[PDB]
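Asker: pasting an experimental structure with its sequence.
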Amino acid sequence: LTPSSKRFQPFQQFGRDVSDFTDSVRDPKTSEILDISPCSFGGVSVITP
Amino acid sequence: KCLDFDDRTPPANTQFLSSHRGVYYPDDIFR
């Protein structure tokens, strides 16, 4: 969860990505727009002689 | 009360072209 940068429309609450993923949110209880990004995920690979 | 209007011209229902009018934001989603 990170703070959101770009200015939302007052009615617009959730920011959407090109692939329709949600990358920003509006707090329902408090009021602040937050940027949303995925947590890290890779694939471990073992190098070995 | 609710007085009526007398000697009223018909509306005549003329038409004008809409152009690029009638656009709304369907959802409250920022993009």
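Answerer: Received it, and whenever you're ready, just let me know what you need. Numbering: from 1, shown residues only, chains lettered A, B, ... in the order given.
Asker: number of residues surrounding residue A:12?
Answerer: By the measure other CB atoms under 10 Å in any protein chain shown, the count of residues near residue A:12 is 18. All C-beta spots, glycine's among them, are computed from the backbone N, C-alpha and C.
Asker: apart from its chain neighbours, what residue comes closest to it?
Answerer: For residue A:12, the nearest residue in space outside its immediate sequence neighbours is residue B:30; the separation is 4.1 Å by CB to CB, 6 or more residues apart in numbering or on different chains.
Asker: you'd agree that neighbour is up against residue A:16?
Answerer: Yes. Taking contacts as CB atoms under 8 Å, residue B:30 lies within contact range of residue A:16: 6.7 Å.
Asker: pick out whichever of those two has more residues nearby.
Answerer: residue B:30 (21 against 15).
Asker: all strands of the chain, in order?
Answerer: Reading this off chain A. A:2-3, A:14-16, A:22-26, A:33-35 (DSSP state E).
Asker: I was thinking of chain B, sorry if that wasn't clear
Answerer: Across chain B, reading from the start of the chain, the strands by DSSP E fall at B:29-30.
Asker: now the closest residue to chain A within it: how far from residue A:21?
Answerer: For chain B and chain A, the shortest gap (CB to the nearest CB) falls at residue B:30, measuring 4.1 Å. Using CB to CB, to the nearest Å, residue B:30 is found at 13 Å from residue A:21.
Asker: again, but for residue A:40
Answerer: In this structure, residue A:40 lies at 16 Å from residue A:21, with CB to CB as the measure.
Asker: close to chain A: what parts of chain B are there?
Answerer: Residues of chain B lying close to chain A by CB under 8 Å from any CB of the partner chain are B:25, B:28, B:29, B:30, B:31.
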